[PDB]
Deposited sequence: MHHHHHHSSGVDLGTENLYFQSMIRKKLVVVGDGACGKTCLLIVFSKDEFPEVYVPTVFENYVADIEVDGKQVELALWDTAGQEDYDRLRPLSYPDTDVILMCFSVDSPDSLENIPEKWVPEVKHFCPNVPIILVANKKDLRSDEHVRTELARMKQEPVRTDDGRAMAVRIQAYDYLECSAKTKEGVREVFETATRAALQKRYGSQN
């Protein structure tokens, strides 16, 4: 019955506190406050079952975390705009990991917490270390460097861009993929 469906797997990766779990809650429940959640979606006249995997709570557990990777069809690789360190960790931690366990899987680079670009309090905290909220050109530059399938920005808190994050991800998951 569900054996007639197209089944695909999405995994969300990124630093602790960068908004992975809130992003998935807003996708699944439509409200800003995980699981493995299966979302049923109709795409091009066909029923799709998208399984959603959160790596939150496993960022420090190097032997457990990669047990989320088998059979993955698309990766959401997240960083948060309130944290340049989370962006630097993309090429130096997350990409190496995902390329090793999920070779030839499309990677979408996702800037989370977009709304914090206009938070006075974040800006003041980051101004102490001579930093600023991660800007679009920087996230965009990172995506070209890691050869991402796409670069998208969202805010789980305002819901902006969340739909398109997962719509793009689902299209990437459904893309034909040859070799490993």
Open item on the list: Which parts of the deposited sequence lack C-alpha coordinates in this model? Number from residue 1, please.
Closed with: 1 to 18, 52 to 58, 206 to 207
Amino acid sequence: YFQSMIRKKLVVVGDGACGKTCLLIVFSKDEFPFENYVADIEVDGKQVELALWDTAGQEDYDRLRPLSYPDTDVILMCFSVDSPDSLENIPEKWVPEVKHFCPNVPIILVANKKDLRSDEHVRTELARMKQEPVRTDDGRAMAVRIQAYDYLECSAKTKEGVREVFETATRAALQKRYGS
From here on, numbers count along this sequence of modelled residues.
- [ ] For the higher mean C-alpha B factor in the entry, choose 62 to 70 or 34 to 42.
- [x] 34 to 42
TODO: Rank-wise, by C-alpha B-factor, drop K176 into the lowest, middle or highest third of its chain.
DONE: middle
Open item on the list: Please say which third, lowest, middle or highest, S86 falls into when its CA temperature factor is compared across its chain.
Closed with: lowest
Task: Ranked against its chain, the third holding the CA B-factor of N112 - done: lowest
Task: Entry-reported Cα temperature factor of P106, expressed as the chain third it lands in - done: middle
Open item on the list: Splitting the chain's C-alpha B-factors into thirds, which one does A127 fall into?
Closed with: highest
